[PDB]
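Undergrad: I'd like to ask some things about the structure below.
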Amino acid sequence: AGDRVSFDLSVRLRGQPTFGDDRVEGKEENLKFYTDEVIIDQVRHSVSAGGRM
Amino acid sequence: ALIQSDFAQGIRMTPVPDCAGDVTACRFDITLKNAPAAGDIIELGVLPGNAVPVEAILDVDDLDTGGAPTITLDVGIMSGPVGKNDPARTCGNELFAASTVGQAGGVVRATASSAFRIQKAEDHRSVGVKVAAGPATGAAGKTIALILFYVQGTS
Amino acid sequence: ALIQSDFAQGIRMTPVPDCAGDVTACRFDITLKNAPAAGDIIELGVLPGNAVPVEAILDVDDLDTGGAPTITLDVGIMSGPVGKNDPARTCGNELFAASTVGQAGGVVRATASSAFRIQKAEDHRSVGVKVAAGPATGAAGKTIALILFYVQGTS
Amino acid sequence: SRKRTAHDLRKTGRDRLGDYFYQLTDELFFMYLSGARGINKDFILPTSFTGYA
Amino acid sequence: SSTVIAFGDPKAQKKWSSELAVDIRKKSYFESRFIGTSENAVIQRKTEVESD
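In order, the protein sequence lines correspond to chains A, B, C, D and E.
All the letters of the first sequence, read from the start, carry residue numbers 1 to 53 under my numbering.
All the letters of the second sequence, read from the start, carry residue numbers 1 to 155 under my numbering.
All the letters of the third sequence, read from the start, carry residue numbers 1 to 155 under my numbering.
All the letters of the fourth sequence, read from the start, carry residue numbers 1 to 53 under my numbering.
All the letters of the fifth sequence, read from the start, carry residue numbers 1 to 52 under my numbering.
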């Protein structure tokens, strides 16, 4: 395939931790991602050795 | 001029029920120190996803000290994503419609007919307070709290 | 004279908690195709077995059209089995004692001392509003809603 | 262009060309027998095409 | 909360099918049963001008 690449950056999990034996089945830290786009197109050039003479 | 809370920045996560029909509530609060002003979109907390608010409670302090205060607070569901410091973001008046509890304090419960008719969406939305009327000189370091009851997996 | 909402025919099921003390709420609602008239028993929601009401917001749209409105709604635990579709059903006023909401689209909470003290039965019961007093001349298609914070496994 | 697509354009080009020539032979037979190109819009040959060779 | 990728987020990976649905060729009417050598054939093939 091709024409594009889309890679992601994951933000670090900042969040107040739960001390002293509370419950954490509810307060579940959610992952967030940022993305961008990379587009590719070929670049070509042509050197030319001369004629047989 | 957004005054972005702790819950919006992600520094304090919001609960989600592990089942449908469980009512999950958390205290969306701030200790704002620059004092409120006209047109400050205060982003308290976030609906955690496919969740519909089912009971809304404010717990503001005496946020405008003086004679005949004109302060108003209309919470609502903000437009853009969570935790994006964009002044262009707007806040509607769905959940509350110009509560006057900032004048003296106390607690107000949801009374608008649109409080319980919020439609769910697949990505987190943020509930924000807008001080639509610039109050008299308001004390700094005053707390604002919006205790939401939201139920997930509605029909 | 029975208006079976989607929550009673079985089209939409109701949430039941998977624990004890875990409150549960679901927005029982109707889209009244016709207009309310005296004697109608709007079967809107079902209260699951072994559950007792703990708090109940009744939220309705503007059910009147003219001045001096007189529509009154009372909410009770209807006697018959769920989805019987039988006019012999009785209804009652255990939850709301002829609430004055409906004269203007608004929000009312359980202000009675009998709504919070309801016994439990091991079989499903249907919660249904009844139009006790006939509405003033004029009505249209509006949504009657009733969220019901019930909890299972009390004692 | 071939990078931007998962398909192998050479094989599908050859297959479509074979398809096209089969269809062209059929078309050409009906046009010669009928004596006029007509107005058919699915025909390969253009309007006003009056025979080859 | 709970992680959600959402529908419109450009992280929604999209897979392209490799099978090419093809407009099926219309069955040519003048098949081998018509184009035949010798007289008894609606379309007569001329055996000349293949060799030589």
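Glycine is no exception: its CB is placed at the ideal position from the N, C-alpha and C atoms.
1. Please list the partners that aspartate 59/C has in chain B, where partner means a Cβ-to-Cβ separation under 7 Å.
2. Short check: CB of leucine 47/C to CB of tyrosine 150/C, under 8 Å?
3. Given that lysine 11/E touches chain A, what residues does it touch there, using C-beta distances under 8 Å?
4. Identify the continuous alpha helix (DSSP H) that holds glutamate 27/D and give its terminal residues.
5. In the DSSP output, which residue or residues are listed as bridge partners for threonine 24/B?
6. On the DSSP bridge list, what partners appear for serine 126/B?
7. Just the chain D side, please: which residues come within less than 8 Å of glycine 15/A by C-beta, in chain order?
8. Thinking C-alpha only, which one of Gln103/C, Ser126/C, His124/C, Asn93/C is nearest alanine 110/C?
9. Give me the chain A residues within the contact set of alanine 53/D, using Cβ-Cβ distance strictly less than 7 Å, ordered along the chain.
10. Can you confirm whether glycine 26/A, when its beta carbon is compared against all beta carbons of chain B, has any partner nearer than 8 Å?
11. Would you verify that the beta carbon of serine 17/E is, or is not, closer than 8 Å to some beta carbon of chain A?
12. If contacts are defined as beta-carbon pairs under 8 Å, then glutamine 42/A and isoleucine 11/B qualify, I think. What distance do you get, rounded to the angstrom?
13. May I ask you to report which of helix, strand or coil DSSP gives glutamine 103/B?
14. Taking the alpha helix (DSSP H) that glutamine 119/B belongs to, which residues open and close that run?
15. Within this structure, are the beta carbons of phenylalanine 30/E and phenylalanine 21/D separated by less than 8 Å?
16. Within a Cβ cutoff of 6 Å, which residues of the same chain sit near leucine 148/B, ignoring the five residues on either side of it in sequence?
17. Does the stretch 4 to 20 of chain D touch the stretch 79 to 89 of chain B, meaning 3 or more C-beta pairs lie closer than 8 Å?
18. Could you name the residues of the stretch 16 to 31 of chain B whose beta carbon sits closer than 8 Å to any beta carbon of chain F, in the order they occur along the chain?
19. Under 9 Å Cβ-Cβ, which residues of chain B neighbour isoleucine 41/C?
20. Assign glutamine 9/B to one of three DSSP states: helix, strand, or coil.
21. Measuring CB atoms only, is the stretch 125 to 137 of chain C touching the stretch 64 to 84 of chain C, in the sense that at least three cross pairs come out at less than 8 Å?
22. Please classify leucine 13/A: does DSSP put it in a helix, a strand, or coil?
TA: Answer, in terms of the structure:
1. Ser113, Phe116
2. yes
3. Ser6, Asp8, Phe33, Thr35
4. Run containing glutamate 27/D: 9 to 34, per the alpha helix (DSSP H) assignment.
5. Partner(s): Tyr150/B.
6. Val46/B
7. Ordered by position in chain D, no residue passes the 8 Å Cβ test against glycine 15/A, which lies about 41 Å from the chain.
8. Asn93/C
9. Residues of chain A passing the Cβ test: none, with the nearest at roughly 41 Å.
10. yes
11. Under the Cβ distance rule, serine 17/E does not count among the residues neighbouring chain A, no pair being separated by less than 8 Å.
12. That pair is no contact at about 46 Å.
13. DSSP places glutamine 103/B within a helical segment (H, G or I) once states are collapsed to three.
14. Run containing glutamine 119/B: none; DSSP gives neither H nor E here.
15. no
16. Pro53, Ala56
17. The answer is no - the stretch 4 to 20 of chain D does not touch the stretch 79 to 89 of chain B, with fewer than three Cβ pairs under 8 Å.
18. Reference to chain F is not applicable here, since the protein chains of this structure are A, B, C, D and E.
19. Ordered by position in chain B, no residue passes the 9 Å Cβ test against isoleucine 41/C, which lies about 23 Å from the chain.
20. helix
21. yes
22. When DSSP states are grouped into helix, strand and coil, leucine 13/A belongs to the coil group.
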